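Peer 1: Take this structure, written in structure tokens, and hold onto it; I'll ask about it next.
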Amino acid sequence: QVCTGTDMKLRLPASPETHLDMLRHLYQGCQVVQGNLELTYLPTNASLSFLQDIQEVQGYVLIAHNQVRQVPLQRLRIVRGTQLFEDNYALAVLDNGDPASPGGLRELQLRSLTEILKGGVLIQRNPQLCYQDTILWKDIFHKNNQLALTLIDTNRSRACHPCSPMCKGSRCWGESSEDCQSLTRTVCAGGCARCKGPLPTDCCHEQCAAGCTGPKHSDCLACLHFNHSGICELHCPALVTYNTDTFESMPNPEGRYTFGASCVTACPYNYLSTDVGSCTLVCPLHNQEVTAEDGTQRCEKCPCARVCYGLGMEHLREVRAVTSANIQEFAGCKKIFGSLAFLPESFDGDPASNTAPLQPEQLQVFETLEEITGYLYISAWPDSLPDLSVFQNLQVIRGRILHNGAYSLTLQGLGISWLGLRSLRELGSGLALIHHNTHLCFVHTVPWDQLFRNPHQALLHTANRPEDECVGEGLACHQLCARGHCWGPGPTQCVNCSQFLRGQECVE
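Letter by letter, the sequence shown follows residues 24 to 122, 132 to 334, 337 to 542 of the deposited numbering.
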């Protein structure tokens, strides 16, 4: 039902051939996307039926470089704009069309889109796309949307039928009567932000987003603010309430944490239950996470300890890689509050600053690491290291921060023959992708279901050592391994032991 979004922008996928699986696993059956929704570089005949469910995007929606003729986000209603494309646009459709039939997105058919809270719209360089000029974008933009700006590229290369004859004002996202625009703001009596029609009787409860089916807080089709068990309120009920006479704090049985635009009993697995009554991925300043017995984590106020940070956080916020210059900052860590990334640059070095290449002996810094808050991205690696022994003691990747916003773990272009991640027990989020590691095997030897914690997790893989070639060398899990399942060759690599261990080897 709820899944996170992505942060790829216009970056090409590392493995385009796995792109549809990436998207299917991340979004199939997801109605609400935390963060941004991005579809970039899809093929003409791509199958995106799994995205028919999305109703809401917290951030921006980007459709770009897609030759996909149809992108059926027909249930999308609300784009919140909490983060914007180019820091300004809630919606962007870019580069759709070729330079017997041509590819390129033809129409958007967003029959459901009625609200943009923040951010503008960009529909540019899309020679095969029509009806981007047939929307009353100012109605969609919310009353409090200061960037109610739409830029349309009308230099089209395709002849199109005018909007369905059934569209009011000829306002549509397409040629069908089902592709016509609904109006929720600029048609509202009394100047109310949202309504379901032209009468004062049609004004929606203030707490409603994108319209309503009636004036009650239970009639909102979506909340502007928060959904408390179907009830829209301007805030979630205080997690801790106050005494009638003294106003002293006391637990609120009706108290909830704010999650997205919903109120929850407790924050979802791998989210932080902040003491203030909110759900985060990252604790507020001067609050540390505390792990709960139920798999949730909570943020409580500290006088804080020194904390290990990874990429995308703090002073490493603008740093996209682990290098020989910053590898030492992970010394002594059990957990990293951020991501790790090993790029060819990490291992090639960078003469611009006379920085030495990262050496394999420096990767030992992660041997004490049990948990990664963000993602682990390895697109380079010493070939002197046949496995990932470096992370053999890694137990958990929370993946709150994903690579390109999609992967909690990606490995590509390595000389490793097996992974060997003996201690890995959990993947909190995102997908994993392994590719173009033609020496690598022990891919199908670890049911990945044992590490996954939610319905949107999957392993994507390609261009690894062919399974047939690997087993042809006699490479298989030791018969002593529980279920014959392992991370690599040898009894030392068993996912579990049927008998007992000798050190890490399963023995009898």
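Idealized CB from N, CA, C, for every residue including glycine.
If you reduce the DSSP assignment to three classes, tell me which class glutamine 398 lands in.
Peer 2: Counting from one through the sequence shown, the residue named residue 398 turns up at place 364. Helix at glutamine 398.
Peer 1: Which word fits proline 523, buried or exposed, when buried means at least 16 other C-beta atoms lie within 10 angstroms of its C-beta?
Peer 2: Position 489 of the sequence shown, counted from the first residue, corresponds to residue 523. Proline 523 is buried by the Cβ-count criterion.
Peer 1: What residue from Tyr50, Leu65, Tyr64 has the CA that sits closest to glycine 58's CA?
Peer 2: Taking the sequence shown and counting its residues from 1, the one referred to as residue 58 is at position 35. If we check each option's Cα against that of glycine 58, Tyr50 comes out closest.
Peer 1: Would you list the one or two residues that DSSP bridges to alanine 492?
Peer 2: For the purposes of this step, residue 492 is taken as the residue at position 458 of the sequence shown. According to DSSP, which records beta bridges pairwise, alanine 492 is partnered with nothing at all.
Peer 1: If you pair each beta-carbon of the segment 141-152 with each one of the segment 167-182, do three or more pairs fall below 8 Å?
Peer 2: Yes: the two stretches touch, three or more of their Cβ pairs being nearer than 8 Å.
Peer 1: Considering only C-alpha positions, which residue in the set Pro39, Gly383, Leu428 is nearest to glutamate 405?
Peer 2: Locating residue 405 in the sequence shown gives position 371, where the first residue counts as 1. Of the listed residues, the one whose Cα sits closest to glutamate 405 is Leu428.
Peer 1: Using the DSSP secondary-structure output, state which residues sit across from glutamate 379 in a beta bridge.
Peer 2: Position 345 of the sequence shown holds residue 379. Beta-bridge pairing links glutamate 379 to no other residue.
Peer 1: On the DSSP letters alone, give me the boundaries of the beta strand (DSSP E) that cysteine 311 sits inside.
Peer 2: The residue labelled residue 311 in the question sits at position 279 within the sequence shown. 310-312 is the span of the beta strand (DSSP E), which, as asked, contains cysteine 311.
Peer 1: Reducing DSSP to helix, strand and coil, say where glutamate 542 ends up.
Peer 2: Residue mapping note: residue 542 aligns to position 508 of the sequence shown, counting from 1. Residue state, collapsed to three classes: coil.
Peer 1: What residues in its chain sit with their C-beta under 8 Å from that of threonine 402, if we drop five residues either side in the sequence?
Peer 2: Sequence index remark: in the sequence shown, residue 402 carries index 368 (1-based). Counting only Cβ-Cβ distances below 8 Å, and skipping sequence neighbours, we find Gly366, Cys367, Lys368, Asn427.
Peer 1: Let's see if you can read the secondary structure: which residues bound the beta strand (DSSP E) around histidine 469?
Peer 2: Against the sequence shown, residue 469 aligns to sequence position 435. Taken as a continuous stretch (DSSP letters only), the beta strand (DSSP E) holding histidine 469 covers 465-471.
Peer 1: What does the Cβ neighbour count give for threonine 323, buried or exposed, with the cut at 16 atoms within 10 Å?
Peer 2: In the sequence shown, the residue the question calls residue 323 occupies position 291. With fewer than 16 Cβ atoms within 10 Å of its Cβ, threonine 323 is classed as exposed.
Peer 1: Span of the beta strand (DSSP E) holding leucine 46?
Peer 2: As a first step, residue 46 is located in the sequence shown; it is residue number 23 there, counting from the start. Element bounds for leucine 46: not the beta strand (DSSP E) but the alpha helix (DSSP H), 42-50.
Peer 1: I need the boundaries of the beta strand (DSSP E) containing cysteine 331, first residue and last residue.
Peer 2: On the sequence shown, residue 331 is found 299 positions in, with the first residue counted as 1. Unbroken beta strand (DSSP E) run through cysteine 331: 329-333.
Peer 1: Per DSSP, which one or two residues make a beta bridge with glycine 152?
Peer 2: Position 120 of the sequence shown holds residue 152. In the DSSP output, where bridge partners are listed per residue, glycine 152 has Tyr112.
Peer 1: Does the ligand SAH have a heavy atom nearer than 7 Å to the CB of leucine 509?
Peer 2: Among the components modelled here there is no ligand, and therefore nothing to report on the ligand SAH.
Peer 1: On the criterion of 16 or more Cβ atoms from any shown chain inside 10 Å, does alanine 191 qualify as buried, or is it exposed?
Peer 2: Against the sequence shown, residue 191 aligns to sequence position 159. Exposed, by the Cβ-count rule.
Peer 1: Based on the DSSP output, what are the partners of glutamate 61 in its beta bridges?
Peer 2: Within the sequence shown, numbered from 1, the residue matching residue 61 stands at position 38. In the DSSP output, where bridge partners are listed per residue, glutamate 61 has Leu85.
Peer 1: Taking buried to mean at least 16 other C-beta atoms within 10 Å of its own C-beta, is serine 305 buried or exposed?
Peer 2: The sequence position of residue 305 within the sequence shown is 273, counting from 1. So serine 305 ends up on the buried side.
Peer 1: I need the straight-line Cα distance from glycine 223 to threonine 290, nearest angstrom please.
Peer 2: The residue you call residue 223 lines up with position 191 of the sequence shown. The residue you call residue 290 lines up with position 258 of the sequence shown. Answer to the nearest angstrom: the Cα atoms are 29 Å apart.
Peer 1: I'd like the span of the alpha helix (DSSP H) that includes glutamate 501, first residue to last.
Peer 2: Here residue 501 refers to the residue found at position 467 of the sequence shown. Run containing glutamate 501: 501-505, per the alpha helix (DSSP H) assignment.
Peer 1: Any idea what DSSP makes of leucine 345, helix, strand or coil?
Peer 2: Here residue 345 is taken as the residue at index 311 of the sequence shown, counted from 1. Strand.
Peer 1: DSSP on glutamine 362, reduced to helix/strand/coil?
Peer 2: By one-based count along the sequence shown, residue 362 stands at place 328. Correct three-state label for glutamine 362: helix.
Peer 1: Give me, in chain order, the residues of the same chain whose beta-carbon lies closer than 8 Å to that of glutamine 78; leave out the 5 immediate sequence neighbours on both sides.
Peer 2: The residue given as residue 78 occupies position 55 in the sequence shown. Within the same chain, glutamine 78 has close Cβ partners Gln54, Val55, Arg98, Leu99, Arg100, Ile101, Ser144, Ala254.
Peer 1: Return the CA-CA distance between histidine 469 and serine 457, expressed in angstroms with no decimal places.
Peer 2: Numbered from its first residue, the sequence shown carries residue 469 at position 435. Numbered from its first residue, the sequence shown carries residue 457 at position 423. If I take the Cα positions, the gap works out to 22 Å.
Peer 1: Apart from the five residues on each side of it in sequence, which residues of its chain come closer than 6 Å, Cβ to Cβ, to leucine 161?
Peer 2: What you label residue 161 is simply residue 129 of the sequence shown in a count that begins at 1. Excluding positions up to five away in sequence, the list reads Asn119, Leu137.
Peer 1: For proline 283, does the three-state DSSP call read helix, strand or coil?
Peer 2: The count along the sequence shown starts at 1 and reaches residue 283 at position 251. Reduced to three states, the DSSP call for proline 283 is strand.
Peer 1: Please name the residue, chosen from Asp185, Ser133, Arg92, that lies closest to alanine 115 on a Cα-to-Cα basis.
Peer 2: Your numbering for residue 115 matches position 92 in the sequence shown. Here the closest residue by C-alpha is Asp185.
Peer 1: On a CA-only basis, which of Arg432, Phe476, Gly447 is nearest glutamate 460? Give me that one, please.
Peer 2: On the sequence shown, position 426 is the one that residue 460 refers to. Looking at the Cα atoms, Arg432 is the closest of the given residues.
Peer 1: On a CA-only basis, which of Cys236, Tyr411, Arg487, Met347 is nearest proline 378? Give me that one, please.
Peer 2: Along the sequence shown, one-based indexing puts residue 378 at 344. Checking every option, the nearest Cα to that of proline 378 belongs to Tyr411.
Peer 1: Check each candidate in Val529, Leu397, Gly508, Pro283 and name the one with the smallest Cα separation from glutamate 363.
Peer 2: The residue you call residue 363 lines up with position 329 of the sequence shown. Checking every option, the nearest Cα to that of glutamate 363 belongs to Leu397.
Peer 1: To the nearest angstrom, how far is it from the Cα of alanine 516 to the Cα of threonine 526?
Peer 2: Indexing the sequence shown from 1 puts residue 516 at position 482. Indexing the sequence shown from 1 puts residue 526 at position 492. If I take the Cα positions, the gap works out to 12 Å.
Peer 1: Starting from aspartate 384, follow its DSSP beta bridges and name the residues at the other end.
Peer 2: Position 350 of the sequence shown, counted from the start, is the residue given in the question as residue 384. The partner list for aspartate 384 (beta bridge, DSSP) reads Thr389.
Peer 1: Note the first and the last residue of the continuous alpha helix (DSSP H) segment covering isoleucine 172.
Peer 2: Stepping through the sequence shown from its first residue, residue 172 is reached at position 140. Looking at the DSSP string, the run of the alpha helix (DSSP H) that includes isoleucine 172 is 169-172.
Peer 1: Sort out for me which residues DSSP pairs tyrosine 411 with in a bridge.
Peer 2: Here residue 411 refers to the residue found at position 377 when the sequence shown is read from its first residue. According to DSSP, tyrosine 411 bridges with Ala375, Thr444.
Peer 1: Identify, in the order they occur along the chain, each residue of the same chain with its Cβ nearer than 6 Å to the Cβ of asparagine 530, setting aside the five sequence neighbours on each side.
Peer 2: Here residue 530 refers to the residue found at position 496 of the sequence shown. Excluding residues within five positions, the ones whose Cβ falls inside 6 Å are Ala516.
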